[PDB]
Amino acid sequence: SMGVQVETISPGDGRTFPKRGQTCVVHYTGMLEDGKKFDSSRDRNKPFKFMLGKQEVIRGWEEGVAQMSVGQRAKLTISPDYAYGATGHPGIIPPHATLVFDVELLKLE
């Protein structure tokens, strides 16, 4: 029940929530719980896309972004259980890391 915490930064439209099969178009910035940024689609000036229902992203995103409506900006705090677990992500994220993502849901495709 606490694998991902979603805290609203600015609201969306309150009606359009992503469904399985839909593609979410987002800008994000990921950091360790300490605060050290490890990636951001904003640094590439190009939104990230992922389709729900396909195991395309860590579980904290799959459940976390589905709680967001189009336009919403939110802070997602994801336990290692819902992220990279005991293994981490090769050369990026250590074992048992708590992650924090600033996510803006731009549109659905």
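A residue's number is simply how far along the shown sequence it sits, counting from 1. Note that the rigid core is defined as the largest set of C-alphas that superpose within 1.5 Å between two forms.
- Farther from the shown form on average, by C-alpha root mean square after a core fit in 4 other deposited structures of this protein, is 82 to 90, of the stretches 13 to 21 and 82 to 90.
- Higher mean CA B-factor, judged across 87 to 95 and 5 to 13 from the recorded values: 87 to 95.
- The mean Cα B-factor in the deposited entry runs higher for 35 to 43 than for the other of 35 to 43 and 77 to 85.
- Annotation for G60: C-alpha temperature factor in the lowest third relative to the rest of the modelled chain, per the entry.
- In the PDB entry, a CA B factor belonging to the highest third of its chain's modelled residues is recorded for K54.
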